[PDB]
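A.B. asks: part one of the assembly, not moved from where it sits:
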Amino acid sequence: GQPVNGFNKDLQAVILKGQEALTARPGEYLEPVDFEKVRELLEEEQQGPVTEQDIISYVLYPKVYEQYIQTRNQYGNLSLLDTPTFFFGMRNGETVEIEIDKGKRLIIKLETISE
C-alpha cells in the first residue's frame, strides 16, 4: 500500500533493480480466487464435508492450514487440554482430567515412563 510522501525517484529506482512498481492498490491487480475449486480440492485431502470457514482459512494461510489438518488428524482437538498439560504434559504419578466433548471427561494418570 502506497505511503503519504510517495518515494524519491533515484532512491526507488536504485533499490528496485527496475521491477513494476504498481501505482494502483496491490489487491486490485490480484485476480479473484476460484472459491469452488479450493472447496473441491480441499475435499480430496480430508474425508468429505468442508465448511466455508475451512475454505477461507486455507486461502489466507495455505501451508499453515494444511499443517493444522495434520495435527487434528493426529492428536484431535488440542484446545480442550488445560494450558499446563498442553505445554508440559504430565509429571510422573499425576492425575489429569480432559473433557474431549460434553459429558466425555477422561481421567488420565501416568504412572511411570520407562527406558
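C.D. replies: Everything's here; your move. Residues are numbered from 1 along each chain as shown, chains lettered A, B, ... in the order given.

A.B. asks: can you give me the strands in chain A?
C.D. replies: A:94-101, A:104-110 (DSSP state E).

A.B. asks: TSV please, covering those and showing mean neighbour count and distance to residue A:63.
C.D. replies: Bear in mind the C-beta positions are built from the backbone N, C-alpha and C, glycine included. Output for these, formatted as TSV (neighbours: other C-beta atoms under 10 Å; distance: least, C-beta to C-beta, whole Å):
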stretch	mean neighbour count	distance to residue A:63
strand A:94-101	12	28
strand A:104-110	11	32
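
A.B. asks: okay if I get these as CSV plus distance to residue A:56?
C.D. replies: Formatted as CSV, those follow (distance: least, C-beta to C-beta, whole Å):
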stretch, distance to residue A:56
strand A:94-101, 26
strand A:104-110, 30
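
A.B. asks: and residue A:71, which of those strands is closest to it?
C.D. replies: strand A:94-101 (15.3 Å; C-beta to C-beta).

A.B. asks: list the helices and strands the closest one packs on?
C.D. replies: Applying 3 or more C-beta pairs under 8 Å, 6 or more residues apart in numbering; DSSP states H and E, we find strand A:94-101 packed against strand A:104-110.

A.B. asks: with the structure above as the base, add chain B:
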Amino acid sequence: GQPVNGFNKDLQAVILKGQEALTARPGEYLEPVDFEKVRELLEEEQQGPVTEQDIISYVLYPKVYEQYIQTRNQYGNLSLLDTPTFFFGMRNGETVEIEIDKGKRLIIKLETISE
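C.D. replies: Next up, chain B placed on what we already have:
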C-alpha cells in the same frame, strides 16, 4: 561328650565354676520329647497337613523350621527356581521361565521398575 584324655581339673574349674559338669553322655540326662504333644502344636498352627517329617524337623530346628513354613506360605516352593533367578531376581527386558510343575512353566518378562 568326653575327650580321649578327659579334662584338666584346674582349667575346668576356673572356666565353668558357677554351674557343674556332666559325667555321662548328654542325652541320658534329658527325658523323651513328646511327639504327639508336638504334632498337635504344628496341627493347630498351620491348620492341617502335618507329617512325621515335619515333626522331627520342628524338633531339630524349632526356630528355623517355623520360619521356613513362613516363607512357604508367602512364596511357595522356591527350590523350583533356576539358581540365577533365586539369587538375583530379574533385569528389565529379561525373559525368564519357571517350572512350577511338570507342564506348567510360566514365561515372565520384567518390563520396568518404577521410582
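
A.B. asks: hmm, who's touching stretch A:16-34?
C.D. replies: Contacting residues not belonging to stretch A:16-34 are listed as A:1, A:12, A:59 [C-beta atoms under 8 Å, 6 or more residues apart in numbering or on different chains].

A.B. asks: quick one: the first one from chain B, how far?
C.D. replies: Counting by C-beta to the nearest C-beta, to the nearest Å, the separation of residue A:1 from chain B is 60 Å.

A.B. asks: for that residue, which non-adjacent residue is spatially closest?
C.D. replies: Using C-beta to C-beta, 6 or more residues apart in numbering or on different chains and skipping residues adjacent in sequence, the residue nearest residue A:1 is residue A:26, 6.3 Å away.

A.B. asks: distance of the one you found from chain B?
C.D. replies: Distance from residue A:26 to chain B, by C-beta to the nearest C-beta: 60 Å.

A.B. asks: what about that residue, how many neighbours?
C.D. replies: Residue A:26 has 9 neighbours, counted by other C-beta atoms under 10 Å in any protein chain shown.
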